[PDB]
Amino acid sequence: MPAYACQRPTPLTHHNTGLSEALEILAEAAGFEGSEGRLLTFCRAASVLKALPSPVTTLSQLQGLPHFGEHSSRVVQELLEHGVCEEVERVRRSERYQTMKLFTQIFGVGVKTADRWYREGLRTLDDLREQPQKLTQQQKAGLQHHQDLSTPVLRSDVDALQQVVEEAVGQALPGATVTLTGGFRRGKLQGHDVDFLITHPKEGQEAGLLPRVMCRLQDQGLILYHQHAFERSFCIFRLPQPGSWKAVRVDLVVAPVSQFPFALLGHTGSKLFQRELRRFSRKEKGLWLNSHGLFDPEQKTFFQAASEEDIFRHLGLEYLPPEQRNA
DNA sequence: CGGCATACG
DNA sequence: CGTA
DNA sequence: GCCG
Ligand SMILES: O=c1ccn([C@@H]2O[C@H](COP(=O)(O)NP(=O)(O)OP(=O)(O)O)[C@@H](O)[C@H]2O)c(=O)[nH]1
Ligand SMILES: [Cl-]
Ligand SMILES: [Cl-]
Ligand SMILES: [Mg+2]
Ligand SMILES: [Mg+2]
Ligand code: NA
């Protein structure tokens, strides 16, 4: 079992679901408290279990697994012996965890904002609605749409949204393409949003594209919220439903075709997979990876990539299709 | 002990 | 600060 | 919290 998540296949569904979910609760709580390092260890330990080929049934099967020390091993031990981990249950029912979870789930609210509100005494969504002067326009949108945004987006919804995005993109710039990225590209059957990556096969033709796309979607009445030159937009879209509609989060990203493999990789995830890949690149290979490129700081050169396959080869990693990046 | 991904709006 |  |  290699130590970095990008060094091993991680399927979407696996054999240690309950154990990984418990560790991810502790990871989430660590983030709510600002402990990025402990969040990372708990996330990595959880991910290790996702990569295993069968269920963990005895503590000894953790020996030698990366990222399992005393704490994560005790969590697993208690789940195996008693079906529950007291530390995990205590977090789950704590007022602090439940409210930070509720607040950070709002579009436009991060840990630092939720925490300040928590310390001011706020606990519910209606508490926030009662004092709307203290909310950004983005948080106002997130709060208004919060119920719909809390509803999973279905793979069945994605096809309809991709077609209306393609229509607006095709008018904005003939020949531009729309690629589904994010969790659905990894095979997820449901998601918190839909993520698209837009490019054009003629380098440079994509310059200025996203405002043109956003203006056309807005003219069609499809945009309930967006932030407005730019290359990423975090939208709320009107998605038809029988007799009505629902609000859905949609992320649009534009990249030049030269950078498309890097942006596809970077936006296909998982989040942990990308963090680990970047960490692996920098710490093991001495190369700096982002959604634009891969930089050799000694040669002062960028790697040209024509595919995700190229990027894995550049880094000396076995290729992993998106469905095996569910770290 | 230092490190923990990386960038855009 | 928020977002991916 | 864990790794190197
Ligand atoms: O902090 C982040 C968030 C997101 N991302 C990258 O952006 C992609 C989409 O970000 P996302 O927030 O849409 N997450 P996703 O994996 O689609 O699952 P879901 O919750 O169902 O939407 C992720 O899969 C990562 O590739 C990061 O690299 N870092
Ligand atoms: Cl990036
Ligand atoms: Cl990007
Ligand atoms: Mg997504
Ligand atoms: Mg997204
Ligand atoms: Na949020």
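Chain identifiers are assigned alphabetically (A, B, ...) following the order of the sequence lines, protein sequences preceding nucleic acid strands; residue numbering begins at 1 within each chain. In each ligand, atom 1 is the first atom listed, and ligand 1 is the first ligand listed.
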Distance-only donor-acceptor pairs under 3.5 Å for side chains of residues 36-43 of chain A, two or more places apart:
residue	atom	partner	partner atom	Å
A:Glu36	OE1	A:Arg275	NH2	3.2

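The aromatic rings of A:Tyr225 and A:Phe107 stand perpendicular to each other, their planes meeting at an angle above 60°, with 30° marking the opposite boundary. By the 30° and 60° cut-offs, the orientation of the rings of A:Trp117 relative to A:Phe103 is perpendicular. Ring-plane geometry between A:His228 and A:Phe230 is classed as parallel, the angle between the planes falling under 30 degrees on a 0 to 90 degree scale with a further cut at 60. Note: A:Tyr319 and A:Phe312 have perpendicular aromatic rings, judged against thresholds of 30 and 60 degrees for the angle between ring planes.
Around the Mg ion (ligand 4), the protein N, O or S atoms found under 2.8 Å comprise A:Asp193 OD1, A:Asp195 OD2.
Scanning for side-chain hydrogen bond (donor to acceptor under 3.5 Å, both in side chains) contacts around A:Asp251 gives A:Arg249, with sequence neighbours left out.
Under 3.5 Å, the side chains of A:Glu206 and A:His200 contain no donor-acceptor pair of N or O atoms. Side-chain atoms of A:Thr151 and A:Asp148 include no donor-acceptor pair closer than 3.5 Å.
The number of protein N/O/S atoms found under 3.0 Å from the Na ion (ligand 6) is 3.
Taking the ring axis of A:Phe32 as reference, the NZ or CZ atom of A:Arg96 does not stay both within 45° of it and closer than 6.0 Å to the ring centre.
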